[PDB]
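Text of structure.cif, listed as mmCIF, C-alpha atoms and all ligand atoms:
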```cif
data_data
loop_
_atom_site.label_atom_id
_atom_site.label_comp_id
_atom_site.auth_asym_id
_atom_site.auth_seq_id
_atom_site.Cartn_x
_atom_site.Cartn_y
_atom_site.Cartn_z
CA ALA A 3 3.66 -17.03 -10.79
CA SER A 4 1.96 -13.95 -9.34
CA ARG A 5 0.18 -13.89 -5.98
CA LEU A 6 -2.70 -11.50 -5.27
CA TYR A 7 -2.27 -8.83 -2.60
CA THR A 8 -4.20 -5.75 -1.55
CA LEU A 9 -2.95 -2.43 -0.18
CA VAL A 10 -5.26 0.24 1.32
CA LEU A 11 -4.37 3.90 1.82
CA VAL A 12 -6.65 5.89 4.09
CA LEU A 13 -6.36 9.27 2.44
CA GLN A 14 -8.23 12.32 3.68
CA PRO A 15 -8.03 15.90 2.36
CA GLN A 16 -5.00 16.96 4.45
CA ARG A 17 -3.56 13.76 5.90
CA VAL A 18 -2.82 10.10 5.27
CA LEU A 19 -2.82 7.16 7.72
CA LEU A 20 0.19 4.86 7.67
CA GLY A 21 1.12 1.98 9.92
CA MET A 22 4.54 1.32 11.38
CA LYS A 23 5.12 -2.44 11.04
CA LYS A 24 6.83 -3.92 14.10
CA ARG A 25 7.74 -7.38 12.84
CA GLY A 26 7.67 -9.42 9.64
CA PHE A 27 7.24 -8.15 6.11
CA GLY A 28 7.72 -4.38 5.99
CA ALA A 29 8.95 -4.11 9.60
CA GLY A 30 10.64 -0.84 10.44
CA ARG A 31 8.75 1.06 7.76
CA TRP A 32 5.52 3.00 7.46
CA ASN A 33 3.11 0.95 5.31
CA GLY A 34 -0.41 1.14 3.97
CA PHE A 35 -2.66 -1.70 5.11
CA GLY A 36 -2.73 -4.92 3.13
CA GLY A 37 -2.02 -8.61 2.67
CA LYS A 38 -2.83 -11.76 0.70
CA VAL A 39 -6.23 -12.32 -0.83
CA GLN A 40 -7.81 -15.56 0.37
CA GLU A 41 -9.47 -18.41 -1.50
CA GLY A 42 -13.02 -17.54 -2.56
CA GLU A 43 -12.53 -13.94 -1.54
CA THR A 44 -12.95 -10.98 -3.88
CA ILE A 45 -10.04 -8.55 -4.10
CA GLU A 46 -12.13 -5.69 -2.69
CA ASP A 47 -13.38 -7.87 0.19
CA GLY A 48 -9.77 -8.82 0.89
CA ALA A 49 -8.77 -5.16 1.00
CA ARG A 50 -11.60 -4.28 3.37
CA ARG A 51 -10.67 -7.23 5.57
CA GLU A 52 -6.98 -6.31 5.68
CA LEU A 53 -7.75 -2.73 6.66
CA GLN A 54 -9.77 -3.92 9.65
CA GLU A 55 -7.27 -6.58 10.74
CA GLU A 56 -4.27 -4.28 10.61
CA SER A 57 -5.70 -0.85 11.54
CA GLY A 58 -8.97 -1.49 13.38
CA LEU A 59 -10.82 0.70 10.89
CA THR A 60 -14.02 -0.21 9.09
CA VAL A 61 -14.13 1.07 5.50
CA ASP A 62 -17.43 1.55 3.62
CA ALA A 63 -16.47 3.00 0.21
CA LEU A 64 -13.14 1.79 -1.41
CA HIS A 65 -11.74 3.18 -4.67
CA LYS A 66 -9.41 1.37 -7.06
CA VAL A 67 -6.32 3.49 -7.49
CA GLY A 68 -3.71 1.22 -9.00
CA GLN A 69 -1.99 -2.04 -9.69
CA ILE A 70 1.67 -2.68 -8.93
CA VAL A 71 3.58 -5.83 -9.71
CA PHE A 72 6.64 -6.38 -7.51
CA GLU A 73 9.56 -8.61 -8.34
CA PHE A 74 12.27 -9.48 -5.81
CA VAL A 75 15.25 -10.95 -7.69
CA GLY A 76 15.83 -14.57 -6.71
CA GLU A 77 12.25 -14.99 -5.51
CA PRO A 78 9.91 -17.03 -7.76
CA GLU A 79 6.63 -15.33 -6.91
CA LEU A 80 5.66 -11.86 -8.13
CA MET A 81 3.45 -9.70 -5.88
CA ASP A 82 0.37 -8.61 -7.79
CA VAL A 83 -0.75 -5.73 -5.60
CA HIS A 84 -4.14 -4.12 -6.04
CA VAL A 85 -4.02 -0.68 -4.44
CA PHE A 86 -7.10 1.00 -2.97
CA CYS A 87 -7.85 4.30 -1.36
CA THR A 88 -10.60 5.49 0.93
CA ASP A 89 -11.72 8.73 2.52
CA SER A 90 -14.73 7.43 4.46
CA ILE A 91 -13.85 5.27 7.45
CA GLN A 92 -15.40 4.35 10.80
CA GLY A 93 -13.67 3.64 14.10
CA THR A 94 -10.34 4.99 15.31
CA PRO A 95 -6.96 3.51 14.37
CA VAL A 96 -5.89 0.73 16.76
CA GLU A 97 -2.29 0.13 17.78
CA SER A 98 -1.48 -3.54 18.10
CA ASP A 99 1.49 -5.83 18.65
CA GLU A 100 1.90 -5.83 14.86
CA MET A 101 1.21 -2.25 13.81
CA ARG A 102 1.47 1.34 15.08
CA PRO A 103 -0.85 3.66 13.08
CA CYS A 104 -0.11 7.40 12.76
CA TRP A 105 -1.59 10.24 10.72
CA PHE A 106 0.80 12.27 8.52
CA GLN A 107 0.23 15.70 7.00
CA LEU A 108 0.66 15.31 3.25
CA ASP A 109 3.80 17.47 3.20
CA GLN A 110 5.29 15.33 5.98
CA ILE A 111 4.91 11.85 4.47
CA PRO A 112 7.96 9.90 5.79
CA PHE A 113 9.35 8.61 2.49
CA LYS A 114 12.83 7.95 3.89
CA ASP A 115 11.20 5.38 6.18
CA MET A 116 8.85 3.83 3.62
CA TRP A 117 9.39 1.33 0.80
CA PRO A 118 11.41 3.18 -1.86
CA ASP A 119 8.83 2.66 -4.64
CA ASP A 120 6.42 4.87 -2.63
CA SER A 121 8.28 8.02 -3.68
CA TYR A 122 7.31 7.13 -7.25
CA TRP A 123 3.57 6.46 -7.08
CA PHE A 124 2.47 8.41 -4.00
CA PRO A 125 2.47 11.68 -5.96
CA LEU A 126 0.01 10.02 -8.35
CA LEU A 127 -2.11 8.70 -5.51
CA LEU A 128 -2.16 12.17 -3.87
CA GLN A 129 -3.41 13.82 -7.07
CA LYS A 130 -6.15 11.21 -7.55
CA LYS A 131 -4.55 9.55 -10.56
CA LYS A 132 -4.80 5.85 -11.34
CA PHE A 133 -1.74 3.87 -12.33
CA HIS A 134 -0.10 0.64 -13.41
CA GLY A 135 3.38 0.00 -12.07
CA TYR A 136 6.15 -2.57 -11.95
CA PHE A 137 9.16 -2.51 -9.62
CA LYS A 138 12.12 -4.89 -9.71
CA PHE A 139 13.85 -5.01 -6.31
CA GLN A 140 17.15 -6.46 -5.14
CA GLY A 141 16.69 -7.01 -1.44
CA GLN A 142 14.36 -4.55 0.25
CA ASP A 143 16.19 -1.28 -0.34
CA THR A 144 17.20 -1.19 -4.00
CA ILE A 145 15.06 -0.62 -7.06
CA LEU A 146 16.92 -2.14 -10.04
CA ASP A 147 14.31 -1.19 -12.65
CA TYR A 148 10.73 0.04 -12.84
CA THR A 149 7.92 1.24 -15.06
CA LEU A 150 4.99 3.42 -14.02
CA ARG A 151 2.23 4.84 -16.20
CA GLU A 152 -1.12 6.54 -15.61
CA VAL A 153 -4.27 4.75 -16.72
CA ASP A 154 -7.96 5.58 -16.93
CA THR A 155 -8.94 2.05 -15.91
CA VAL A 156 -7.12 0.12 -13.20
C1 LIG A 201 2.61 2.66 1.24
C2 LIG A 201 2.94 1.19 1.17
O1 LIG A 201 2.38 0.38 1.91
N1 LIG A 201 3.92 0.93 0.22
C3 LIG A 201 4.39 -0.38 -0.02
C4 LIG A 201 5.44 -0.57 -0.90
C5 LIG A 201 5.89 -1.88 -1.13
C6 LIG A 201 5.25 -2.96 -0.48
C7 LIG A 201 4.19 -2.69 0.38
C8 LIG A 201 3.42 -3.70 1.15
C9 LIG A 201 3.68 -3.76 2.53
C10 LIG A 201 3.01 -4.67 3.34
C11 LIG A 201 2.07 -5.53 2.79
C12 LIG A 201 1.77 -5.50 1.42
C13 LIG A 201 0.74 -6.48 0.92
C14 LIG A 201 2.45 -4.57 0.58
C15 LIG A 201 2.17 -4.50 -0.91
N2 LIG A 201 3.79 -1.42 0.59
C16 LIG A 201 5.69 -4.38 -0.70
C17 LIG A 201 6.98 -4.57 -1.48
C18 LIG A 201 7.52 -3.38 -2.25
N3 LIG A 201 6.94 -2.08 -2.00
#
```

Would you give me this structure, written as C-alpha cells?
Amino acid sequence: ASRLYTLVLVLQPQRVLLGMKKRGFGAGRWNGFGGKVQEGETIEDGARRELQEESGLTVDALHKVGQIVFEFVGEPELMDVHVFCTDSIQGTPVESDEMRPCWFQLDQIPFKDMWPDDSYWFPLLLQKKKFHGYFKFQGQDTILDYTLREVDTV
C-alpha cells in the first residue's frame, strides 16, 4: 500500500531551486520537482524525467539523498518518496502553467510556504547527509507524528 514517487532538489553551493506549484498537489507552496514513477521505469529515470517535465532542466548526475514515507490519515496509500539532489544541470528553469521556478539563497529558504516536513529534513539535505524519514499528516498542514534518522545508505 505504498506508491513510488521521486523528488529532486537542485542544490548548488549557495542556492536552491524550488518551484511554486500553481494548481493540484502542492499548489500554493514551493516544492522540489517530482511525481509518480511509471511502469517499467527505474526510480532514477523517473526522477530525471520529472525534473525535465516540471522545471525544464536536464540533469546529468543525480545523487540519492533520502527516502521519506508519507501517510495522510484517512488515505489508504502511503507515498514512498525517493529524494534526489543534483548540482550539475543543463538548461535554464522554465516557468509553465503548472510551475513557477525561483532560486533561493540558502538562508532565505521559504519554509513558511513549503510543506511543513521540509523544516525537518532540509537541514540534513543542506549538510549533505542522507536520511530515512516518516511523516504522518492530518490534512496538508499538520504533522501528527514523525521519525527521521540519518543513514549511510539510502
Ligand atoms: C521540498 C519539497 O518538495 N518538499 C515536499 C514535502 C512534501 C511533499 C512533497 C511533494 C510535492 C510534490 C510532489 C511530490 C511527489 C512530493 C513528494 N514535497 C508531499 C507530501 C508531504 N510533504

For chain A against ligand LIG 201 (chain A), with a cut-off of 8 Å and counting all atoms listed in the file, what is the closest atom pair and its distance in Å to one decimal for every residue that makes the cut, ordered by chain and number, as a Markdown table?
```
| residue | atom | partner | partner_atom | distance |
| --- | --- | --- | --- | --- |
| A:7 | CA | A:LIG201 | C13 | 5.2 |
| A:8 | CA | A:LIG201 | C13 | 5.6 |
| A:9 | CA | A:LIG201 | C15 | 5.6 |
| A:10 | CA | A:LIG201 | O1 | 7.7 |
| A:11 | CA | A:LIG201 | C1 | 7.1 |
| A:20 | CA | A:LIG201 | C1 | 7.2 |
| A:27 | CA | A:LIG201 | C10 | 6.1 |
| A:28 | CA | A:LIG201 | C9 | 5.4 |
| A:32 | CA | A:LIG201 | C1 | 6.9 |
| A:33 | CA | A:LIG201 | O1 | 3.5 |
| A:34 | CA | A:LIG201 | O1 | 3.6 |
| A:35 | CA | A:LIG201 | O1 | 6.3 |
| A:36 | CA | A:LIG201 | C13 | 4.4 |
| A:37 | CA | A:LIG201 | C13 | 3.9 |
| A:38 | CA | A:LIG201 | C13 | 6.4 |
| A:72 | CA | A:LIG201 | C18 | 6.1 |
| A:81 | CA | A:LIG201 | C15 | 7.3 |
| A:83 | CA | A:LIG201 | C15 | 5.7 |
| A:116 | CA | A:LIG201 | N1 | 6.7 |
| A:117 | CA | A:LIG201 | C4 | 4.7 |
| A:118 | CA | A:LIG201 | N3 | 6.9 |
| A:119 | CA | A:LIG201 | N3 | 5.7 |
| A:120 | CA | A:LIG201 | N1 | 5.5 |
| A:124 | CA | A:LIG201 | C1 | 7.8 |
| A:137 | CA | A:LIG201 | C18 | 7.6 |
| A:139 | CA | A:LIG201 | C18 | 7.7 |
| A:142 | CA | A:LIG201 | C18 | 7.4 |
```

Writing out the chosen residues with C-alpha atoms as a short mmCIF file (atom, residue, chain, number, x, y, z; two decimals), in the frame of the given file:
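Final output, result_33.cif:
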```cif
data_model
loop_
_atom_site.label_atom_id
_atom_site.label_comp_id
_atom_site.auth_asym_id
_atom_site.auth_seq_id
_atom_site.Cartn_x
_atom_site.Cartn_y
_atom_site.Cartn_z
CA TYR A 7 -2.27 -8.83 -2.60
CA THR A 8 -4.20 -5.75 -1.55
CA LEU A 9 -2.95 -2.43 -0.18
CA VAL A 10 -5.26 0.24 1.32
CA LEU A 11 -4.37 3.90 1.82
CA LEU A 20 0.19 4.86 7.67
CA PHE A 27 7.24 -8.15 6.11
CA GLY A 28 7.72 -4.38 5.99
CA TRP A 32 5.52 3.00 7.46
CA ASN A 33 3.11 0.95 5.31
CA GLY A 34 -0.41 1.14 3.97
CA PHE A 35 -2.66 -1.70 5.11
CA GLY A 36 -2.73 -4.92 3.13
CA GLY A 37 -2.02 -8.61 2.67
CA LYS A 38 -2.83 -11.76 0.70
CA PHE A 72 6.64 -6.38 -7.51
CA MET A 81 3.45 -9.70 -5.88
CA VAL A 83 -0.75 -5.73 -5.60
CA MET A 116 8.85 3.83 3.62
CA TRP A 117 9.39 1.33 0.80
CA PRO A 118 11.41 3.18 -1.86
CA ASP A 119 8.83 2.66 -4.64
CA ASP A 120 6.42 4.87 -2.63
CA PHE A 124 2.47 8.41 -4.00
CA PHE A 137 9.16 -2.51 -9.62
CA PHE A 139 13.85 -5.01 -6.31
CA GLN A 142 14.36 -4.55 0.25
#
```

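Closest approach to residue 40 of chain A among A:154, A:5, A:114, A:54 is made by A:5 (distances from all atoms listed in the file).
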
Residue neighbourhood residue 19 of chain A, 9 Å, all atoms listed in the file, exclusion window fewer than 6 positions, as JSON, numbers by chain | {"A": [11, 12, 13, 33, 34, 95, 103, 104, 105, 106]}

Got time to write the residues from that selection, C-alpha atoms, as a tab-separated table (two decimals), in the coordinates of the input?
```tsv
chain	number	residue	atom	x	y	z
A	11	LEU	CA	-4.37	3.90	1.82
A	12	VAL	CA	-6.65	5.89	4.09
A	13	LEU	CA	-6.36	9.27	2.44
A	33	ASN	CA	3.11	0.95	5.31
A	34	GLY	CA	-0.41	1.14	3.97
A	95	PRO	CA	-6.96	3.51	14.37
A	103	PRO	CA	-0.85	3.66	13.08
A	104	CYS	CA	-0.11	7.40	12.76
A	105	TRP	CA	-1.59	10.24	10.72
A	106	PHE	CA	0.80	12.27	8.52
```

What does the distance between atom CA of residue 74 of chain A and atom CA of residue 46 of chain A come to in Å, to one decimal place?
->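 So the two atoms, atom CA of residue 74 of chain A and atom CA of residue 46 of chain A, lie 24.9 Å apart.
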
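Among the candidates A:75, A:39, A:80, A:87, the residue lying nearest to residue 61 of chain A is A:87 (atoms considered: only C-alpha atoms).
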